[PDB]
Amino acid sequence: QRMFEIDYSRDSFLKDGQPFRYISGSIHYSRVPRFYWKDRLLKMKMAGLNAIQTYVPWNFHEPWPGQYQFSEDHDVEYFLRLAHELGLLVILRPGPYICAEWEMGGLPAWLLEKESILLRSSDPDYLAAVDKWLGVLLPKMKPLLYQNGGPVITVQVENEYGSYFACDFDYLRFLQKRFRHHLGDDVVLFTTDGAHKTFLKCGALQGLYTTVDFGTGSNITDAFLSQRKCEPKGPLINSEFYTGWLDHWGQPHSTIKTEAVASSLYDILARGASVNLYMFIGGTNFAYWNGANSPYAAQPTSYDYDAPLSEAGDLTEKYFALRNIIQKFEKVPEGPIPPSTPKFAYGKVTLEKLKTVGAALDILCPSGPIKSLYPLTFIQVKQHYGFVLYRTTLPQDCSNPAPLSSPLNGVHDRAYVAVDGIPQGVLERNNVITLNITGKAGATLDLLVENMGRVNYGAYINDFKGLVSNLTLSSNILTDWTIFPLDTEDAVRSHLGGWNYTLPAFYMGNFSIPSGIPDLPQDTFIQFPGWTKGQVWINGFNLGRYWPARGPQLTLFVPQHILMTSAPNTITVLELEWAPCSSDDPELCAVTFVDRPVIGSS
């Protein structure tokens, strides 16, 4: 009964034998609480989109081999059925690598247990893992295919493989074969690459429909000409038409002008091309889900993207402008659009020190440390995200400053250094590979190492994290390590079992919200004036990383559904560098909730 195909005669899609063109927007279900899925999708539908496009992050669903997460916020099948309910078609991008400014481009860190693994290639062990994953994911997606009564109209294989150095065509052919095994012979499979022959060379494959991506800076004729070299016939497709851009900590917030996005969108649509707006809503990298680029620069917690729907789902002037463009081509749904959420400034909330990381090792590492002659990586100690403590003893007297160094630039990505509980400062990947330290002979040398996000693009996606090479003190290699993987998420859930720099430490405070008020709790934004760099949880939910010292993001988005009115709300901060809490003024040791985000600070 139901069919979706490429017709090579009208340079078109045919949906149930009818000319069809898609106008789609990207929304990542892993970047929006499920509480808000229907809000965002309905806002997208009201804009005149007839489809949405989404990535399936493998590492979001398979945190350990054979251990799966498909419930609640991880319920991709529900997310797709919801889109379908709303009258939206779906362009599925299941990877296995997705890029996406996301931790290791969606690839599970446990792949790195084979240290020599060649990711995104025909490496047999990489293929065997991919095959197992596809064996779990694709039979789920099969009933959601259009032909079987679901919303999924096309499926991307890999993601910009043409940008990767490997150029392993047998890898692409394997994915093609495995996608066909699980999904059948009708589903439209495609690939996406930059709009240039240099990208298309290694990214395009026979039997996979070749599509391009490009933003407002690209000559649209030339871009589609490049697609046409690969596909003389069939629909013109821009799979990621950029509505904005990504950010890095320390760099100015990226924006793209509404007039530019509207102008290019109209041009693309007028050509009869199918198009997807990347991103339509960007949302948030909660917890440790952000990625990074090479040379090492991490993307922030916010994935606002300057998208037409803001981080918290707000209707922007860009939203209305693009809706007006769509309305020139298609009738858009009638009625009022769901509103931007109300925001509430809960105001100042004082915190008090709970414990330093150093004093909390029983709770953070209840299994005990691992001893090693030389340092081990995050992967080797079986921890993928967050923080690992490296401990040794000083082999000599350091009454005069002595150089602590990582000659091979092997602090991945940042270390907070202490000696006998006295903070010495910070080592940084690519920036600070030496720090002068002092302490007595036999003093305890501690390095709290942060994985700031695995690189998600380029050759260096095999990003282990930790002390990945030796440390030297006064030119001598430091040996005899006591390494504590840190169970930060459990420890914060239990209030740490108690159910110029400062030592890394947890600070906690409470605030109440009245019950029986129809419009509370509301969404809010948490700000950290006087703090420096760390992690924040509210009611045990890890909202991400703050870094007001570096910017551009100052505030973090707090969705209302994690806030309660039946018992006090808890806020826990792990501050890594300097806390405003040693002063005699307790009101300084405090966070503030405001009703407007600040993501573009100078």
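By rigid core we mean the largest C-alpha set that fits within 1.5 Å across both forms. Residue numbers here begin at 1 and follow the sequence given.
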- Note on the structure: By Cα RMS to this form in 5 other deposited structures of this protein after fitting the core, the stretch ranking higher of 562-570 and 29-37 is 562-570
- Message: Missing residues between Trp499 and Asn500 in the deposited sequence, please: none, 1 to 3, 4 to 9, or 10 or more.
- Response: 10 or more
- The stretch carrying the higher mean Cα B factor in the deposited entry, 405-413 or 521-529, is 405-413
- So which stretch wins on mean C-alpha B-factor, 197-205 or 288-296? 197-205
- Query: Whose CA atom has the top B-factor in the entry, of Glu311, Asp213, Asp125, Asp362?
  - Reply: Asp362
- Item | Highest-ranked of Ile433, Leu269, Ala262, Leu172 once sorted by CA temperature factor in the record | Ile433
- Message: Where does the C-alpha B-factor of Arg93 rank in its chain, lowest, middle or highest third?
- Response: lowest
- Message: How does the C-alpha B factor of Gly453 compare with the rest of the chain: lowest, middle or highest third?
- Response: lowest
- Message: Could you place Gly66 in the lowest, middle or highest third of its chain by Cα temperature factor, using the values in the record?
- Response: highest
- Item | Chain-relative CA temperature factor third for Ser24 | lowest
- Task: Pull the Cα B-factor of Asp75 out of the PDB entry and bin it into the chain's lowest, middle or highest third.
- Result: lowest
